[PDB]
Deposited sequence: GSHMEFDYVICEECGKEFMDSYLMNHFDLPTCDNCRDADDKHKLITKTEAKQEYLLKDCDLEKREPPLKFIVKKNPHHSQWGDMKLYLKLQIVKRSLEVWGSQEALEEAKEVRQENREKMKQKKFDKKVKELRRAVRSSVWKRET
């Protein structure tokens, strides 16, 4: 059965089982797995914050990204997160523009809120 033999996307050789295929449907054999760099895992919260991904970006866009549960955090392949982010945002440039818009909005809002509380303080103490 040809279906049962997976061509490795790294070495090009067929395999039947691997960590990456079992857990993530990533067709990469155990020989080619690079846990420290290419096939490193990241937390859901980290993936979401760093690459600006909504849950539906992970779960509803095709293919849905798979995760392993650690003990209770969901871990995703960074590689897949990054690919999904480029898909959703269109380009690295558009993602970088969004991250900059987000950081500037967040700073502006924190500053405004803090300053209003300082005013409220000075006003109440006065």
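Coordinate coverage of the deposited sequence is interrupted at 1-3, 75-82, 138-145, where no C-alpha atom was modelled.
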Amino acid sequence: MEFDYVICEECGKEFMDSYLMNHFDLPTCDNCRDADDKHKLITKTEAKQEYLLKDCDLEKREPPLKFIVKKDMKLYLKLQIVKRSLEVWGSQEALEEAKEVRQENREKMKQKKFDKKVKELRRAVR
From here on, numbers count along this sequence of modelled residues.
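Comparing the deposited coordinates for 78-86 and 28-36, the stretch with the larger average C-alpha B-factor is 28-36. Residue 41: CA B factor lies in the middle third for its chain, per the PDB record. The deposited CA B-factor of residue 10 belongs to the middle third of values across its chain. Per the PDB record, residue ranking by Cα B-factor puts residue 72 in the highest third of the chain. Per the PDB record, residue ranking by Cα B-factor puts residue 61 in the highest third of the chain.
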